[PDB]
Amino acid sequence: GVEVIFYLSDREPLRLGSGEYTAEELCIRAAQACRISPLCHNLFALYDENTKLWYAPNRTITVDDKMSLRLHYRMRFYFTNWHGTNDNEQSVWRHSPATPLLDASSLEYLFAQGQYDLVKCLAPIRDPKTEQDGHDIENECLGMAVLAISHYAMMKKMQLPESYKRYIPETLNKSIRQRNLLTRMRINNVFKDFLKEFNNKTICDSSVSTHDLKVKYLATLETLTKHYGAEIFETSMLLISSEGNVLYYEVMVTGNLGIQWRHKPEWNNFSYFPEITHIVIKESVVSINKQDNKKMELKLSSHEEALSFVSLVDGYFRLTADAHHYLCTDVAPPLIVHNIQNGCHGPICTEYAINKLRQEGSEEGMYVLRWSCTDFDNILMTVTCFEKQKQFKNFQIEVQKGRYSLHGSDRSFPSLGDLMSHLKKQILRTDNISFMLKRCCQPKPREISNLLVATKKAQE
């Protein structure tokens, strides 16, 4: 059958009945299953580990009783040094009226994923500069096995139960199992030394939480593995406006650096996300257009690979330039689109909604619509009111299978705009205050909120 798999051990896959789905609908189910907040939801997408391709949020999955498919729910959009523990590097936070990027469930989810990446060699270890470095990398792998084990024990409330082999990359395990007996026993013993030294001495001596262990591990993947958080795409045809054997290039996309490229053998910068105006897909060909009329065109394997590429650029654009807008119709997320058609914000903090009313909704009845910060089933309406002396009130709107109803009501509507028209014919009240709805203060292009990530390059 068709399943969405989780990297978390304690979690049952999603088993999908026959029917029609959106990738996004599935990612929403997935976040509910893994306790991922609406705020972190758009960091995740569906990945097919066999095809090596990501699904765009608007992709349709028609499931019958014949089809067999395994998708992984996976964190896709990533910002090096989100954790703030590398002092050589720009830190990366959300805007604030600066908060952390990840919620606790996202961190837990990422830890499971990162472990899987390391062991299954999706996150390949870096290459040695020397035999000395080679051994050094290998020791860092052992340390990683100590973090993994220590954390698993602190989670089950254990202490000294009773090896490293399943917690290190599989390629490296294979490598070690082919070395001489004394080598293999030496390695095992150094590992046992690290482990004992950590759990007796280091943990108590530094009050190390399961949270620090998760952070440390993921911060270490960044420096231990190759291009952690990057996606690299391979192409024959790369055309750039600014600038025989079939020549070969790589295009790399990262949250922190944007869209870079090189001759397949260092990286040239084409563009950060906010400078992009639009993206076009022509079968397998992708053109990325910048504000300065410069263009990158590239040709990928298939249209599905093109959609996977553009999903990524587009997701990072929403994260760094504009939370409410999209670059390419072909991968536009259905929720993004509908929100635009309805004047609705994403899960902005209440203070941003209030600030927008203090600026452009000064009269009684002016409102903001915003998705709830804590669940996926409700929209909030924030309204300017006055006593008889300006107040802000919040009213809950339920959304259930495309139906919209005020909280508690037996009356629902087939669209949000229907519900709003009906509400605009009433006198509303709460506490002592009565008023009628005036107009919607809609999302503005490029405005700043907690949905955006404040990276070095996003400041311009």
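Start at 1 and count along the sequence shown; that's the residue number.
S.K.: Using the PDB record, quantify the missing residues of the deposited sequence between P97 and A98 as none, 1 to 3, 4 to 9, or 10 or more.
M.R.: Gap size class: 10 or more residues without coordinates, per the record.
S.K.: Are any deposited residues left out of the model between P265 and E266, and how many (none, 1 to 3, 4 to 9, 10 or more)?
M.R.: Gap between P265 and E266: 10 or more residues without coordinates.
S.K.: Tell me which stretch has the larger mean Cα B-factor in this entry, 407-415 or 27-35.
M.R.: According to the PDB entry, the answer is 407-415.
S.K.: Read off the CA B-factors in the entry, average them over 126-134 and over 253-261, and name the higher stretch.
M.R.: Averaging CA B-factors over each stretch, the winner is 126-134.
S.K.: Going by the entry, which of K294, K120, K174, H325 has the most elevated CA B factor?
M.R.: Highest C-alpha B-factor among the listed options: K174.
S.K.: Sorting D314, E387, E364, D330 by Cα temperature factor from the record, which one lands on top?
M.R.: Highest CA B-factor of the listed options: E387.
S.K.: Among the modelled residues of its chain, does the C-alpha B-factor of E398 lie in the lowest, middle or highest third?
M.R.: Answer is lowest: the recorded C-alpha B-factor places it there.
S.K.: Relative to the other modelled residues of the same chain, rank the CA B-factor of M420 and answer lowest, middle or highest third.
M.R.: CA B-factor rank for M420: middle third.
S.K.: Looking at the entry's B-factor column for C-alpha atoms only, identify whether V453 ranks in the lowest, middle or highest third of its chain.
M.R.: For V453, the deposited C-alpha B-factor lands in the lowest third.
S.K.: Can you tell me whether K356 has a C-alpha B-factor in the lowest, middle or highest third compared with the other modelled residues of the same chain?
M.R.: Its C-alpha B-factor, which the entry lists for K356, ranks in the middle third among residues of this chain.
S.K.: Sorting the chain's modelled residues by C-alpha B-factor, tell me whether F194 ends up in the lowest, middle or highest third.
M.R.: Ranked within chain, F194 CA B lands in the highest tercile.
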